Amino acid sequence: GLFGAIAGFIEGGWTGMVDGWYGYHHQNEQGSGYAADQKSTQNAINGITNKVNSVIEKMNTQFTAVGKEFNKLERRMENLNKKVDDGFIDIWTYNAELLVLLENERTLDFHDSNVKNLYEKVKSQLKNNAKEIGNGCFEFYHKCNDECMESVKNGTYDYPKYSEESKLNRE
């Protein structure tokens, strides 16, 4: 991936998360669980919806276009008509296939960027109150109940509220 998140420092995907694309996985004293981040996932849905919509909108409706007949003394004009039809078909085929290739790549890159940015958000929230174990997880240096977990999810984590505890546990 371009941004090193998907198939990068985060090695695999979670089949257990079934309500979104990018999400979390918390495990505290009250238990564990998966939960999809709705803001980032919704932004991706809006952007990709607008992308596919733009692709369809730039393909205007093809109206009536039928073949033509030519008598035995109009072979040049028949071959010119065929050349026109075949040429336009070739160009539109090339356009469609190439567009789908390139924008497929850019879509996967877009998801990779969304995951990288989400990870950087959570990291920028936690700061040194947790250590960065591999695979894109954070090991907390303090207690974090469901209140604190949901505080991290919606981007409202309180750093000074645990600086004493984390500085003590870091020994």
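Residue positions are given as counts along the sequence shown, with the first one as 1.
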Tell me which of 111 to 119 and 29 to 37 has the higher mean C-alpha B-factor in the deposited entry. 29 to 37
Look over 131 to 139 and 101 to 109 in the entry and identify the one with the greater average Cα temperature factor. 131 to 139
Among the choices 22, 159, 9, 14, identify the one whose CA B-factor in the record is greatest. 159
Highest Cα B-factor in the deposition, which of 145, 49, 62, 42? 145
